[PDB]
Amino acid sequence: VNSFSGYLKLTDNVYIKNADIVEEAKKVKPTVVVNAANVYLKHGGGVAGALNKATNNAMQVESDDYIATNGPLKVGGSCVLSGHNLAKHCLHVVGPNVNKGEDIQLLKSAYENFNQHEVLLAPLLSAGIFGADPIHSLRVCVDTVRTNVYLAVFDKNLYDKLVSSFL
Ligand SMILES: CO[C@@H]1C[C@H](CO)N(c2ncnc3[nH]ccc23)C1
C-alpha cells in the first residue's frame with residue numbers, strides 16, 4: 001500500500017492521473033520523482049522547469065555541479081540526484097527530443113532506467129516540447145517498465161486522449 005490517490009490503473013504496475021507532477025510530489029513526497037531532463041541538466045521548461053522552480057533553483061545548482069564533475073548524460077540515460085523538498089531522490093531521465101532531432105528509438109532505453117526503482121512518480125517521457133507521440137510513449141512505458149510507475153500528466157486534454165486511446 002502506498003499514498004498515491006485517484007490514479008487510473010492501466011496495467012498491473014502502471015497507473016495514470018491528470019495532475020501536475022510537482023503537486024503529486026509535494027503531496028506524496030515519493031521516494032523517487034522522475035525529471036524529464038536533457039543531457040546538460042538545464043532545467044528550462046516543462047516538467048524540469050516546474051520541478052526546479054519548485055526547489056527554488058536548488059535542483060539547478062546541484063545539477064550544475066553534477067555536470068561540472070561528470071559531463072553530460074547520454075540520450076536514453078539517467079542519473080540519481082536529490083529530490084530536495086519534493087521527494088527523497090530525483091531520477092533525471094533523458095528521453096529523445098525530436099525537436100532537437102534526437103532519435104526516437106532511444107525512448108525504450110530511457111524508460112529502462114525506471115526499472116532500477118521499485119516505485120516512481122514520473123512524467124510521460126518525450127512528451128510536450130520533446131516532440132514525441134504521447135500515445136507511443138505511453139505504449140513504450142507500459143511495455144518497458146516493470147516496476148510500479150505512477151504517471152502524472154499535467155495537460156487535461158492530453159490525459160483524456162491517452163486514456164481513451166489506451167490499448
Ligand atoms: C504538455 O505538457 C507537458 C507534457 C507533460 C504532460 O502534460 N508535462 C507535465 N507533466 C506532468 N507534470 C507537469 N508539471 C509541469 C509540466 C508537466 C508538460
Side-chain angles (χ1 to χ4, degrees), residues 4 14 16-17 19-134 136-138 140-142 144-155 158-159:
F4 291 96
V14 183
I16 197 168
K17 187 183 179 182
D20 190 341
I21 196 175
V22 174
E23 297 301 315
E24 289 297 298
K26 283 183 184 173
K27 188 71 173 183
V28 175
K29 311 236 201 304
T31 301
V32 180
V33 67
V34 174
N35 181 32
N38 57 54
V39 297
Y40 306 110
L41 302 180
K42 289 309 186 197
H43 310 302
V47 167
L51 287 170
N52 177 59
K53 194 156 124 226
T55 76
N56 185 41
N57 211 50
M59 177 180 285
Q60 191 63 68
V61 172
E62 177 196 32
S63 292
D64 287 351
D65 171 83
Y66 171 92
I67 297 288
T69 297
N70 301 108
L73 297 180
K74 300 169 180 177
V75 179
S78 69
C79 67
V80 180
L81 291 172
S82 180
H84 301 275
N85 43 314
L86 304 177
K88 188 165 189 289
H89 307 287
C90 179
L91 181 69
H92 295 272
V93 179
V94 183
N97 184 325
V98 188
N99 294 325
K100 296 172 168 179
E102 294 174 350
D103 179 16
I104 180 61
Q105 295 300 304
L106 292 165
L107 186 56
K108 187 172 184 77
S109 300
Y111 275 116
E112 287 170 344
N113 295 285
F114 289 25
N115 290 322
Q116 300 295 316
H117 303 276
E118 288 190 350
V119 181
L120 316 85
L121 171 64
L124 192 65
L125 293 188
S126 294
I129 72 174
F130 282 64
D133 183 343
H136 175 66
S137 181
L138 178 55
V140 177
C141 181
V142 162
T144 305
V145 181
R146 298 176 301 283
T147 55
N148 289 329
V149 56
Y150 290 82
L151 295 168
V153 175
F154 172 77
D155 186 289
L158 176 57
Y159 175 80

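Below, all heavy atoms of this structure are taken into account, side chains as well, without hydrogens, waters or symmetry copies. In what follows, residues are counted from 1 in the order of the sequence shown.
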### Query
Looking at side-chain heavy atoms only, is the closest gap between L121 and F4 below 4.5 Å?
yes

### Query
Considering only heavy atoms from C-beta outward, does the side chain of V47 approach that of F130 to under 4.5 Å?
no

### Task
Among residues two or more places apart or on two chains, list those pairs meeting salt bridge (charged side-chain N to carboxylate O under 4.0 Å, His left out) that have a residue in residues 42-52.
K42-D64

### Query
Side chains of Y111 and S137: does their closest heavy-atom pair fall under 4.5 Å?
yes

### Task
Quick one: closest heavy-atom pair of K26 and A54, and the distance?
CE-CB, 4.4 Å

### Message
Before you tell me yes or no, could you show the steps for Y150 and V119 under side-chain contact (heavy atoms from CB on, under 4.5 Å), namely the whole-Å CA-CA distance, both residues' side-chain angles and the distance that decides it to 0.1 Å?
### Response
CA-CA 8 Å; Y150 290 82; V119 181; 4.1 Å; yes

### Query
To the nearest 0.5 Å, what is the distance between CD (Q60) and CG (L51)?
12.0 Å

### Query
Would one find more than 12 heavy atoms of other residues, nucleotides or ligands at under 6.0 Å from atom NZ of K53?
no

#### Entry: Which atom of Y66 lies closest to which atom of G71, heavy atoms considered
CE2-O, 3.8 Å

#### Entry: Straight-line distance of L151 CG to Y159 OH, nearest 0.5 Å
10.0 Å

### Task
Return the minimal non-hydrogen interatomic distance between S63 and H43, and the atom names on each side.
OG-NE2, 2.9 Å

### Message
I need the minimum non-hydrogen distance between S82 and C90, along with the two atoms involved.
### Response
O-CB, 3.4 Å

### Task
Sort out for me which residue in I21, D20, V153, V33 forms a side chain to side chain contact (heavy atoms under 4.5 Å, CB included) with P123.
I21

### Task
Would you sort out whether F114 and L125 count as a side-chain contact (heavy atoms from CB on, under 4.5 Å), showing the intermediate values?
CA-CA 11 Å; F114 289 25; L125 293 188; 3.8 Å; yes

### Task
Would you check if the side chain of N113 reaches a backbone N or O of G76 as a donor-acceptor pair within less than 3.5 Å?
yes

### Summary
Here the gap from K17 atom NZ to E23 atom CD, rounded to the nearest 0.5 Å, amounts to 10.0 Å

### Spacing of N97 atom CG and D103 atom CG [to the nearest 0.5 Å]
12.5 Å

### Nearest non-hydrogen partners of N99 and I129, listed with the distance
ND2-O, 2.6 Å

### Task
Starting at CG of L107, measure out to CD of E112 and round the result to the nearest 0.5 Å.
10.5 Å

### Message
I want to check something: taking the side chain as every heavy atom from C-beta on, are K74 and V39 in contact at a cut-off of under 4.5 Å?
### Response
no

### Task
For the pair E62 (side chain) and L81 (backbone), establish whether a donor and an acceptor sit closer than 3.5 Å, ignoring hydrogens and angles.
no

### Query
Between atom CG of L124 and atom CG of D155, what is the distance when rounded to the nearest 0.5 Å?
11.0 Å

### Task
Would you indicate whether the side-chain heavy atoms of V98 and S126 approach each other to under 4.5 Å?
no

### Task
Check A37 against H92 and note the closest heavy-atom contact, atom names and distance.
CB-CB, 3.9 Å

### Task
Check whether any side-chain heavy atom of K100 sits under 4.5 Å from a side-chain heavy atom of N38, and report yes or no.
yes

### Task
Could you tell me whether the side chain of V80 reaches within less than 4.5 Å of the side chain of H117, counting heavy atoms only?
yes

### Query
Is there side-chain contact between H89 and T31, with at least one heavy-atom pair below 4.5 Å?
yes

### Query
Can you name the one residue among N35, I67, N70 that meets side chain to side chain contact (heavy atoms under 4.5 Å, CB included) with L41?
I67

